[PDB]
Amino acid sequence: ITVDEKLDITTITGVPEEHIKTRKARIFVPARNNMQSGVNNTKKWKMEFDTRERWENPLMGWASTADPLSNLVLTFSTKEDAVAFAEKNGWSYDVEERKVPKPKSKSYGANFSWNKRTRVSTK
Amino acid sequence: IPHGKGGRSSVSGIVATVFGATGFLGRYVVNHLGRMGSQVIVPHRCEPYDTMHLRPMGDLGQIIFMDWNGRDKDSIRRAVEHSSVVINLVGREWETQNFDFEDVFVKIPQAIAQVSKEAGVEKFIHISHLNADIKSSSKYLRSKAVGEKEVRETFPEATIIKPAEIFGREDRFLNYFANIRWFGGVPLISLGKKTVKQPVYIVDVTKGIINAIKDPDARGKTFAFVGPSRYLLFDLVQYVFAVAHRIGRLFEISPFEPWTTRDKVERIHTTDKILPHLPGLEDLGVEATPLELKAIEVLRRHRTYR
Amino acid sequence: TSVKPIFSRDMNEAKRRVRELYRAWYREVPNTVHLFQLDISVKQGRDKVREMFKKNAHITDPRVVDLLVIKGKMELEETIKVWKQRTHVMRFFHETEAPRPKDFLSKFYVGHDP
Amino acid sequence: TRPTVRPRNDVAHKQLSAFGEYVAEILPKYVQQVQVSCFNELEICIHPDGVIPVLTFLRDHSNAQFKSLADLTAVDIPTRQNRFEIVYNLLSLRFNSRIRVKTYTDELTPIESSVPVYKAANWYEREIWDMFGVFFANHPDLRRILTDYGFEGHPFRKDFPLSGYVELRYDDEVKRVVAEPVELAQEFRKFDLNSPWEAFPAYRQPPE
Amino acid sequence: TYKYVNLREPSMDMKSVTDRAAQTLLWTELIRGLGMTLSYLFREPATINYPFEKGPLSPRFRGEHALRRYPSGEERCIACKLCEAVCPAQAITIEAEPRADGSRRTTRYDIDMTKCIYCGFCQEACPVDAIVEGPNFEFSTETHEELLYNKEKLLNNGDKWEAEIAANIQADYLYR
Amino acid sequence: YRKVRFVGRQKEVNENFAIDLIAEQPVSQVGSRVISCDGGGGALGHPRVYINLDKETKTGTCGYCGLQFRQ
Amino acid sequence: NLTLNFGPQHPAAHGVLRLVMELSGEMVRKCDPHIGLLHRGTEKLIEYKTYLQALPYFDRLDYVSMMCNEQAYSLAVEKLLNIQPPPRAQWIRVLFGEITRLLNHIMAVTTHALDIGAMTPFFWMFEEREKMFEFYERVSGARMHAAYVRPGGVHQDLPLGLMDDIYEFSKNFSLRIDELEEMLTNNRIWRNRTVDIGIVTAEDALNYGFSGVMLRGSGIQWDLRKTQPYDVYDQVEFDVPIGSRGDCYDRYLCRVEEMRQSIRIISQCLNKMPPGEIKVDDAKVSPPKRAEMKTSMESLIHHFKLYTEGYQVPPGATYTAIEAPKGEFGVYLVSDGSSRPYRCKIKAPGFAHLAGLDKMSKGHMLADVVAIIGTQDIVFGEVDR
Amino acid sequence: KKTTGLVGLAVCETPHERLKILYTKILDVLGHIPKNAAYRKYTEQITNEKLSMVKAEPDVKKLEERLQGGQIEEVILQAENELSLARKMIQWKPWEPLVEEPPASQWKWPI
Ligand SMILES: NC(=O)c1ccc[n+]([C@@H]2O[C@H](COP(=O)([O-])OP(=O)(O)OC[C@H]3O[C@@H](n4cnc5c(N)ncnc54)[C@H](OP(=O)(O)O)[C@@H]3O)[C@@H](O)[C@H]2O)c1
Ligand code: SF4
Ligand code: SF4
Ligand SMILES: [Zn+2]
């Protein structure tokens with residue numbers, strides 16, 4: 001069998017060059033591009049790294065660049081394995097929080113009052 | 001103004017202009033200038049094919065080629081009207097069958113001490129030699145020091161660079177040795193008196209320019225190039241045959257690119273370890289290269305293994 | 001750890017293996033320097049060998065070092081034969097690369113904090 | 001329902017519901033999940049303790065020949081707490097039937113390779129080492145195929161970005177073709193394409 | 001089904017060996033067969049004298065890019081960006097702006113003729129049918145710095161000819 | 001600054017401009033309410049769009065159509 | 001032992017495939033080739049594209065097949081999307097799907113007969129091959145690489161013509177295949193150049209996972225062409241060749257009879273085509289017509305959105321393979337549920353067909369080894385799977 | 001016949017009893033396994049199904065029907081490996097229950 005149970009926090013290295021200690025990741029929730037109202041693009045945690053300089057390429061004006069990562073987003077399942085991926089390869093990060101709104105109390109019929117203020121007109 | 005890493009495809013602010021740049025010295029200098037990235041403007045004389053091996057150093061849009069004679073004025077003016085700095089390294093050995101060869105070190109550095117200077121350039125740098133003195137030797141060695149003073153009237157602050165003898169890959173002085181497969185290998189001239197001069201290494205030459213190109217404050221304060229440790233011996237000629245174990249010419253051959261049994265043979269055997277009060281290389285640091293490590297590379301003869 | 005190892009068990013089949021192939025590199029550095037027809041001094045090669053082993057000495061867990069053993073041994077397969085045509089061996093030395101500044105006042109004049 | 005809709009059949013959906021059922025019945029040691037695809041495919045989820053004998057059981061029989069090893073692949077899945085996913089695909093010659101073997105693993109935990117069981121896995125098994133680092137056990141010759149000699153990346157996983165770090169260039173500084181940090185002329189503009197409003201009713205998630 | 005080719009046992013009798021003995025010894029093979037099938041030289045050489053003669057094509061042949069416009073010049077492009085989002089090599093780059101008359105037009109317009117992989121989807125994505133793969137293979141400049149086409153090549157290149165372009169669309173638009 | 005890259009290269013530039021070439025059109029008129037604009041011909045050109053012409057006698061070139069349309 | 005690397009040599013054939021030879025004096029007994037001259041980053045690259053946009057990178061995977069590739073892709077996608085293609089469209093995928101086999105099986109003999117060193121059967125057949133690229137240009141878009149098969153069936157209808165052309169073409173082709181019969185079959189030297197070479201016939205000839213020819217022509221009768229359907233492909237009549245023993249000369253003689261089958265199928269397919277439509281009608285996958293995307297309102301919103309993003313594919317793994325004219329063609333297309341696919345691992349031939357060069361080579365000469373390779377018909381860039 | 005169709009084998013030599021040993025060769029080794037797994041319940045089922053139709057009737061060609069293998073010399077190989085299969089069923093133990101259940105959410109596809 002050769003099970004040999006032991007314990008160590010798995011920090012793997014050698015596969016990148018230097019950008020372990022240089023950068024800091026970010027875990028957050030994408031929340032409702034507000035030109036419309038589709039809520040399908042919630043429920044999945046994503047990541048994005050540091051943004052570095054974008055200069056002008058002096059022949060066209062293209063957005064040529066250094067900063068070799070700059071485009072890496074993965075699709076996470078939840079907050080639980082969100083941390084566990086950033087530590088398993090081991091570079092710094094910072095975590096946001098999921099925002100869910102009010103439930104909330106909305107009821108038609110109270111928009112026509114005898115003495116209240118909740119009263120609509122000009123419909 | 002600069003932007004980002006200067007690995008490749010950067011801007012780095014500077015816009016230079018290097019004349020000549022087809023020989024051993026002028027090519028290898030520009031091969032650093034297209035690495036950090038800039039608008040390198042190199043005009044060549046009469047050679048479309050002889051710059052083909054030059055292009056894969058500047059990435060894209062960084063180099064540009066123009067045509068010029070030198071005795072004409074505006075061809076040396078139309079190109080240089082938009083730049084920041086400009087260096088020059090133009091010149092060669094023996095007198096042409098058509099040229100004049102005296103004023104080429106006099107009026108041709110003056111032809112770019114023209115409106116070129118007036119146009120608004122700065123940090124204009126010319127080349128010198130360590131042995132170019134006003135003394136009566138030689139026909140080529142002197143008449144180089146004439147340009148060191150008579151053209152120094154113009155450009156009152158330049159930091160004209162003064163190199164010693166250089167050794168690299170495809171020069172003339174070190175390849176003058178071991179191209180002497182002959183019925184007798186004689187030194188110059190069967191005497192170990194003055195040998196040798198200061199063979200500075202070619203990486204130190206191109207490193208001195210790029211530190212000085214935005215140093216700052218290096219105008220007028222002319223500089224000298226230190227060689228190796230320390231003077232050198234007669235052993236060098238024996239050092240050749242020991243370890244060696246004893247470009248637009250023509251379509252068939254050039255009739256005269258000779259060994260020149262004339263004042264060529266004395267322009268190197270006139271050493272002149274000159275004044276050490278010039279700053280001139282270690283202060284424009286950092287340049288420190290021996291001889292014994294770079295000698296395997298340039299020498300190439302029939303054994304090649306042992 | 002409910003996972004079986006590769007070769008070693010705990011640190012003592014491990015640390016004798018990193019010492020082991022070090023001699024195989026150590027007789028290799030003078031052997032290849034005349035073979036691949038490149039011209040540096042041979043002691044620089046022996047400095048760069050121990051450069052690579054000493055840097056990763058911050059490991060306190062087995063089967064990662066053992067994973068580097070498989071990486072370290074596979075390097076010798078191309079090395080003893082001729083499978084790196086005069087470039088990959090020169091790729092170890094960051095030679096013509098411009099120097100990184102690594103100094104705070106030096107970084108501040110050039111760059112948007114890279 | 002109409003034309004221009006794929007006509008499914010039930011005969012192959014019946015026997016593949018029938019055949020794979022008594023497979024878990026006769027080895028309840030390694031099999032942990034069996035599922036039938038809605039278009040006549042079969043998955044047999046296997047913990048990799050039985051990586052050799054279940055193949056060795058499908059290596060030979062009288063009711064299951066299955067001696068045509070077609071496809072060894074490798075699929076990474078982050079956010080699973082065991083990342084990778086080795087997936088086989090084998091073919092019965094006499095019966096015209098496809099079945100796949102899904103075996104998960106992790107990075108450092110090795111896998112007993114199929115070298116005596118099949119000899120078509122000679123170049124396939126090495127590929128997962130070169131691309132992921134999944135060290136298979138007891139292979140006679142582990143080497144480097146389909147990558148360049150100086151990489152340290154195992155690129156087909158997700159943390160390796162689109163370009164590497166190793167944009168190559170030439171200089172006449174001496175002779176060499178030297179490496180350099182990577183520099184592009186253009187960003188590879190990354191779009192944003194996922195429209196909202198959930199076009200699929202059947203695969204609806206547990207709403208938590 | 002089956003077929004068993006190259007599966008035939010020999011004759012092995014008195015007379016039929018003389019057909020296999022005259023074959024090897026006097027070479028009735030290899031000359032009647034292979035010396036006659038080569039000659040066969042008297043046929044006409046089907047060669048195109050390329051600087052003078054040219055070969056056939058099709059009306060749907062792809063090639064050089066160009067831009068069209070309406071009757072008297074209007075810039076048929078409307079800069080609706082759809083050709084950009086389907087270019088597989090992302091050879092398109094467009095920056096638009098409201099021109100002072102009010103209708104939107106383009107400012108930069110690029111086709112990376114190096115990167116351009118000629119999927120031609122730009123021709124099948126424009127609603128107002130702006131960009132057209134013009135059928136002329138005239139090319140081969142001398143620098144990498146030249147083939148990046150800006151806008152003022154393409155309107156000029158779309159106006160070196162139009163009757164070449166305008167007849168091919170008008171003979172093919174019924175199919176697609 | 002950029003003016004050095006074309007020395008002896010003659011700067012191949014466009015001649016005509018469509019910045020203002022709408023303005024030389026004989027701006028159309030109908031005297032109705034709503035008009036089709038399948039201009040340039042049917043099944044080509046800009047798609048069908050309907051414009052109200054009541055207010056400073058014009059339409060506004062339809063955006064798509066480009067030709068000045070009015071009453 | 002001498003360790004020559006006769007490969008990178010641009011000695012005709014295909015200057016690539018650099019390998020080693022630890023030859024035992026004259027015999028080889030050890031061959032360990034190297035691959036990876038074109039890795040190109042293919043399977044990583046598709047992970048950022050959409051379904052319609054990624055499609056020509058299947059086309060450039062061979063050198064030869066233009067309609068047999070993308071046949072293994074749309075049929076690998078239409079199963080996920082619950083679509084049968086319309087019936088006029090299926091008669092064209094069999095027509096061009098049985099015309100690319102008349103491009104491999106011409107190139108698979110001549111290029112093999114050039115490494116060998118014969119000059120004249122290289123020029124005697126490519127001059128007839130020119131009569132066939134005029135088809136490709138007339139129907140789709142270009143010389144070879146045509147993004148023509150879509151997931152929504154055929155792109156567009158082939159124009160007026162191409163039915164008195166193909167019948168004109170195919171009625172004068174069997175004389176050209178009767179040429180090479182006189183050139184190679186009855187000849188002795190080429191027979192003496194290849195008999196009993198590469199005798200691989202055991203059950204390790206199938207345990208190595210080979211696909212067709214370097215199968216059934218060596219023995220075991222099996223193919224994907226009448227045990228597994230594609231489209232209207234079983235409603236035509238043909239037979240499949242089998243050679244006698246397990247050498248190269250009894251996998252060569254598959255390809256002469258194989259070209260004598262594609263002429264029958266084309267002359268059988270033309271009689272059976274009905275008039276009809278091109279695309280799938282429900283237009284959540286096919287784009288609508290050009291005369292429609294300029295009139296109505298419903299046409300543009302199901303046009304303008306269908307190019308910004310792609311389709312909507314349901315999740316769940318899938319797999320299929322078809323008959324490439326040199327083998328199987330595995331595609332294990334992992335779907336995720338958006339316009340952009342997940343992992344797309346491909347199996348091409350040559351993984352099996354060239355790893356088994358170790359078994360096939362030894363005990364033989366060095367001049368045998370170049371004659372081995374042009375029999376499996378191995379094309380690089382296709383070993384990038 | 002002199003060629004067996006499938007190239008690589010040889011008609012070697014006698015049908016009807018080379019098989020009849022090798023079925024009975026398995027059935028004696030079949031009794032050695034402890035009977036709790038249903039491996040015996042189906043393998044002894046099909047061998048008794050086979051050997052009843054095997055033993056012992058003319059001709060070779062009739063034995064091809066009602067015995068769905070290739071040619072009769074290849075039907076040896078259908079059970080040749082099966083003898084090598086069942087003897088390794090004693091070595092490892094599939095009749096033991098499940099081991100290493102996965103951690104409770106792994107075989108869910110949509111991430
Ligand atoms: N530092 C040293 O040790 C050393 C040693 C010897 C000489 N030098 C001098 O320092 C510089 C080093 O040159 P190098 O070693 O690279 O060899 P080089 O071949 O002389 O390079 C200098 C360039 O000047 C060009 N040239 C010569 N006459 C010209 C003229 N009338 N007009 C325009 N160009 C002319 C030459 O050929 P093109 O006309 O084709 O451009 C050449 O490209 C030269 O000035 C040389 O005289 C220095
Ligand atoms: S072709 Fe279409 S998408 Fe491209 S610039 Fe013209 S209008 Fe815009
Ligand atoms: S021509 Fe080809 S590469 Fe260029 S934009 Fe159109 S589809 Fe893209
Ligand atoms: Zn209009």
# chains A, B, ... in the order shown; residues from 1 in each chain; ligands from 1
$ residues_around --residues "range 35-49 of chain E" --least-positions-apart "6" --cutoff "10 Å" --atoms "only C-alpha atoms" --output "list in words"
residues 29 and 55 of chain E; 120, 121, 124, 127, 179, 180, 182 and 183 of chain G
$ closest_atom_pairs --of "chain E" --to "ligand 2" --cutoff "10 Å" --atoms "only C-alpha atoms and all ligand atoms" --output "CSV"
residue,atom,partner,partner_atom_place_in_ligand_line,distance
E:67,CA,ligand 2,6 (Fe),8.1
E:68,CA,ligand 2,6 (Fe),9.3
E:75,CA,ligand 2,6 (Fe),9.0
E:76,CA,ligand 2,6 (Fe),7.3
E:77,CA,ligand 2,6 (Fe),3.9
E:78,CA,ligand 2,7 (S),4.2
E:79,CA,ligand 2,8 (Fe),3.2
E:80,CA,ligand 2,8 (Fe),3.7
E:81,CA,ligand 2,3 (S),3.7
E:82,CA,ligand 2,3 (S),3.8
E:83,CA,ligand 2,3 (S),4.1
E:84,CA,ligand 2,3 (S),6.2
E:85,CA,ligand 2,3 (S),8.2
E:86,CA,ligand 2,3 (S),9.3
E:92,CA,ligand 2,4 (Fe),8.2
E:93,CA,ligand 2,5 (S),9.2
E:94,CA,ligand 2,5 (S),7.3
E:95,CA,ligand 2,5 (S),9.9
E:96,CA,ligand 2,5 (S),9.5
E:105,CA,ligand 2,5 (S),8.8
E:106,CA,ligand 2,5 (S),7.7
E:109,CA,ligand 2,5 (S),7.7
E:110,CA,ligand 2,5 (S),9.8
E:121,CA,ligand 2,1 (S),9.8
E:122,CA,ligand 2,1 (S),6.2
E:123,CA,ligand 2,1 (S),7.2
E:124,CA,ligand 2,1 (S),8.9
E:125,CA,ligand 2,2 (Fe),6.7
E:126,CA,ligand 2,2 (Fe),3.8
E:127,CA,ligand 2,2 (Fe),6.2
E:128,CA,ligand 2,7 (S),6.1
E:129,CA,ligand 2,1 (S),6.3
E:130,CA,ligand 2,1 (S),4.5
E:131,CA,ligand 2,1 (S),4.6
E:132,CA,ligand 2,1 (S),8.1
$ write_last_selection --atoms "N, CA and C atoms" --output "mmCIF file, in the first residue's frame"
data_model
loop_
_atom_site.group_PDB
_atom_site.id
_atom_site.type_symbol
_atom_site.label_atom_id
_atom_site.label_comp_id
_atom_site.auth_asym_id
_atom_site.auth_seq_id
_atom_site.Cartn_x
_atom_site.Cartn_y
_atom_site.Cartn_z
ATOM 1 N N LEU E 67 -12.875 48.209 -50.324
ATOM 2 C CA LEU E 67 -14.131 48.744 -49.802
ATOM 3 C C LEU E 67 -14.948 49.353 -50.924
ATOM 4 N N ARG E 68 -16.262 49.188 -50.840
ATOM 5 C CA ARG E 68 -17.159 49.760 -51.823
ATOM 6 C C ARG E 68 -17.814 51.016 -51.271
ATOM 7 N N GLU E 75 -19.292 56.197 -48.712
ATOM 8 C CA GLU E 75 -18.722 55.258 -47.735
ATOM 9 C C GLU E 75 -19.793 54.309 -47.197
ATOM 10 N N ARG E 76 -20.128 53.332 -48.040
ATOM 11 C CA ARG E 76 -21.036 52.224 -47.745
ATOM 12 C C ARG E 76 -20.851 51.574 -46.369
ATOM 13 N N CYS E 77 -19.614 51.534 -45.858
ATOM 14 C CA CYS E 77 -19.351 51.140 -44.474
ATOM 15 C C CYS E 77 -20.139 51.979 -43.480
ATOM 16 N N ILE E 78 -20.570 51.342 -42.406
ATOM 17 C CA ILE E 78 -21.424 52.018 -41.448
ATOM 18 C C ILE E 78 -20.784 51.819 -40.086
ATOM 19 N N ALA E 79 -19.685 51.065 -40.091
ATOM 20 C CA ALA E 79 -18.842 50.768 -38.936
ATOM 21 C C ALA E 79 -19.627 50.042 -37.844
ATOM 22 N N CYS E 80 -20.329 48.997 -38.266
ATOM 23 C CA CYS E 80 -21.098 48.201 -37.332
ATOM 24 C C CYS E 80 -20.309 47.057 -36.735
ATOM 25 N N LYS E 81 -19.000 46.996 -36.975
ATOM 26 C CA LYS E 81 -18.048 46.237 -36.149
ATOM 27 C C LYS E 81 -18.192 44.717 -36.259
ATOM 28 N N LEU E 82 -19.159 44.255 -37.038
ATOM 29 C CA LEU E 82 -19.388 42.826 -37.139
ATOM 30 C C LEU E 82 -18.283 42.078 -37.839
ATOM 31 N N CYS E 83 -17.607 42.696 -38.803
ATOM 32 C CA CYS E 83 -16.493 42.021 -39.437
ATOM 33 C C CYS E 83 -15.349 41.828 -38.469
ATOM 34 N N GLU E 84 -15.205 42.726 -37.498
ATOM 35 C CA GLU E 84 -14.189 42.580 -36.475
ATOM 36 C C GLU E 84 -14.419 41.367 -35.596
ATOM 37 N N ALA E 85 -15.633 41.180 -35.103
ATOM 38 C CA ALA E 85 -15.893 40.144 -34.122
ATOM 39 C C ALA E 85 -15.897 38.741 -34.702
ATOM 40 N N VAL E 86 -15.813 38.581 -36.018
ATOM 41 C CA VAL E 86 -15.750 37.243 -36.574
ATOM 42 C C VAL E 86 -14.437 36.981 -37.279
ATOM 43 N N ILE E 92 -8.830 42.907 -37.981
ATOM 44 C CA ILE E 92 -9.573 44.149 -38.022
ATOM 45 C C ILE E 92 -9.327 44.922 -36.737
ATOM 46 N N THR E 93 -9.176 46.236 -36.859
ATOM 47 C CA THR E 93 -9.203 47.126 -35.704
ATOM 48 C C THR E 93 -9.866 48.410 -36.177
ATOM 49 N N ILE E 94 -10.950 48.810 -35.518
ATOM 50 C CA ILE E 94 -11.734 49.968 -35.930
ATOM 51 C C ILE E 94 -11.984 50.871 -34.732
ATOM 52 N N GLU E 95 -11.662 52.157 -34.880
ATOM 53 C CA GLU E 95 -12.079 53.187 -33.928
ATOM 54 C C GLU E 95 -13.054 54.096 -34.666
ATOM 55 N N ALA E 96 -14.260 54.238 -34.129
ATOM 56 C CA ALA E 96 -15.265 55.073 -34.766
ATOM 57 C C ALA E 96 -15.478 56.352 -33.966
ATOM 58 N N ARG E 105 -18.974 57.317 -38.718
ATOM 59 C CA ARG E 105 -18.050 56.730 -39.671
ATOM 60 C C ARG E 105 -16.813 56.266 -38.922
ATOM 61 N N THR E 106 -15.776 55.959 -39.683
ATOM 62 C CA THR E 106 -14.581 55.351 -39.139
ATOM 63 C C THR E 106 -13.458 56.370 -39.031
ATOM 64 N N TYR E 109 -8.900 52.067 -39.655
ATOM 65 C CA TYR E 109 -9.437 50.864 -40.264
ATOM 66 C C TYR E 109 -8.266 50.053 -40.784
ATOM 67 N N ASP E 110 -8.109 48.836 -40.276
ATOM 68 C CA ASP E 110 -6.879 48.075 -40.451
ATOM 69 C C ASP E 110 -7.208 46.670 -40.909
ATOM 70 N N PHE E 121 -15.219 35.681 -43.825
ATOM 71 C CA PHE E 121 -16.451 35.872 -43.087
ATOM 72 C C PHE E 121 -16.858 37.327 -43.014
ATOM 73 N N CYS E 122 -15.893 38.234 -43.153
ATOM 74 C CA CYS E 122 -16.188 39.650 -43.263
ATOM 75 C C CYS E 122 -17.080 39.928 -44.459
ATOM 76 N N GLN E 123 -16.890 39.187 -45.549
ATOM 77 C CA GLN E 123 -17.755 39.375 -46.702
ATOM 78 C C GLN E 123 -19.154 38.855 -46.423
ATOM 79 N N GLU E 124 -19.276 37.855 -45.563
ATOM 80 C CA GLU E 124 -20.577 37.310 -45.230
ATOM 81 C C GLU E 124 -21.097 37.763 -43.878
ATOM 82 N N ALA E 125 -20.639 38.899 -43.362
ATOM 83 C CA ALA E 125 -21.165 39.371 -42.092
ATOM 84 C C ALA E 125 -21.656 40.799 -42.139
ATOM 85 N N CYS E 126 -21.218 41.582 -43.103
ATOM 86 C CA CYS E 126 -21.641 42.964 -43.152
ATOM 87 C C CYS E 126 -23.093 43.037 -43.583
ATOM 88 N N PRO E 127 -23.959 43.703 -42.826
ATOM 89 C CA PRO E 127 -25.338 43.843 -43.291
ATOM 90 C C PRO E 127 -25.462 44.801 -44.453
ATOM 91 N N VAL E 128 -24.679 45.873 -44.474
ATOM 92 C CA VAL E 128 -24.788 46.833 -45.561
ATOM 93 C C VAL E 128 -23.735 46.537 -46.614
ATOM 94 N N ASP E 129 -23.153 45.337 -46.537
ATOM 95 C CA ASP E 129 -22.386 44.703 -47.613
ATOM 96 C C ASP E 129 -21.177 45.545 -48.006
ATOM 97 N N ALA E 130 -20.427 46.001 -47.008
ATOM 98 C CA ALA E 130 -19.389 46.999 -47.223
ATOM 99 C C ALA E 130 -18.096 46.391 -47.749
ATOM 100 N N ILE E 131 -17.473 45.511 -46.976
ATOM 101 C CA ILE E 131 -16.170 44.969 -47.343
ATOM 102 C C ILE E 131 -16.387 43.832 -48.332
ATOM 103 N N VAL E 132 -15.514 43.739 -49.329
ATOM 104 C CA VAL E 132 -15.629 42.757 -50.398
ATOM 105 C C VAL E 132 -14.241 42.215 -50.691
#
$ select_by_dssp --residues "range 19-87 of chain H" --states "alpha helix (DSSP H)" --output "VMD selection string"
chain H and resid 19 to 30 39 to 54 60 to 64 72 to 86
$ write_last_selection --atoms "C-alpha atoms" --output "CSV table (one decimal), in the first residue's frame"
chain,number,residue,atom,x,y,z
H,19,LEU,CA,-11.4,-26.8,-27.6
H,20,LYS,CA,-12.9,-29.5,-25.5
H,21,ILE,CA,-9.9,-29.7,-23.3
H,22,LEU,CA,-9.6,-25.9,-22.9
H,23,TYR,CA,-13.2,-25.4,-21.8
H,24,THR,CA,-12.8,-28.2,-19.2
H,25,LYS,CA,-9.4,-26.8,-18.4
H,26,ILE,CA,-11.2,-23.6,-17.2
H,27,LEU,CA,-14.0,-25.4,-15.4
H,28,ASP,CA,-11.7,-27.2,-13.0
H,29,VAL,CA,-9.9,-23.9,-12.3
H,30,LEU,CA,-13.3,-22.3,-12.0
H,39,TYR,CA,-18.2,-13.9,-11.9
H,40,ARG,CA,-18.7,-17.7,-11.6
H,41,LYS,CA,-22.4,-17.3,-12.1
H,42,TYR,CA,-22.0,-16.0,-15.6
H,43,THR,CA,-18.7,-17.5,-16.7
H,44,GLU,CA,-19.7,-21.0,-15.8
H,45,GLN,CA,-23.0,-20.2,-17.5
H,46,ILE,CA,-21.5,-19.4,-20.9
H,47,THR,CA,-18.9,-22.1,-20.9
H,48,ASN,CA,-21.5,-24.8,-20.2
H,49,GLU,CA,-23.5,-23.1,-22.9
H,50,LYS,CA,-20.6,-23.3,-25.2
H,51,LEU,CA,-19.2,-26.7,-24.5
H,52,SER,CA,-22.7,-28.3,-24.8
H,53,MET,CA,-22.8,-27.0,-28.4
H,54,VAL,CA,-19.1,-27.8,-28.8
H,60,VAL,CA,-16.1,-27.6,-38.5
H,61,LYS,CA,-18.3,-25.4,-40.5
H,62,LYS,CA,-21.4,-26.2,-38.5
H,63,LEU,CA,-19.5,-25.4,-35.3
H,64,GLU,CA,-19.0,-21.9,-36.7
H,72,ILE,CA,-12.6,-22.0,-35.3
H,73,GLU,CA,-8.9,-21.6,-34.7
H,74,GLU,CA,-9.6,-18.1,-33.6
H,75,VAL,CA,-12.3,-19.3,-31.2
H,76,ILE,CA,-9.4,-20.9,-29.3
H,77,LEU,CA,-8.1,-17.4,-28.8
H,78,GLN,CA,-11.5,-16.3,-27.6
H,79,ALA,CA,-11.1,-18.6,-24.6
H,80,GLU,CA,-7.2,-18.8,-24.6
H,81,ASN,CA,-6.9,-15.5,-22.9
H,82,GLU,CA,-10.0,-16.3,-20.8
H,83,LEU,CA,-8.0,-19.1,-19.1
H,84,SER,CA,-5.3,-16.5,-18.4
H,85,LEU,CA,-8.1,-14.1,-17.3
H,86,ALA,CA,-9.8,-16.3,-14.6
$ residues_near_ligand --ligand "ligand 1" --cutoff "8 Å" --atoms "only C-alpha atoms and all ligand atoms" --output "MDAnalysis selection string"
chainID B and resid 19:27 44:47 69:70 89:93 99 104 127:129 163:167 171:173 248
$ residues_around --residues "range 35-49 of chain A" --least-positions-apart "6" --cutoff "8 Å" --atoms "only C-alpha atoms" --output "PyMOL selection string"
(chain A and resi 23-29+69-79+82) or (chain D and resi 194-198)
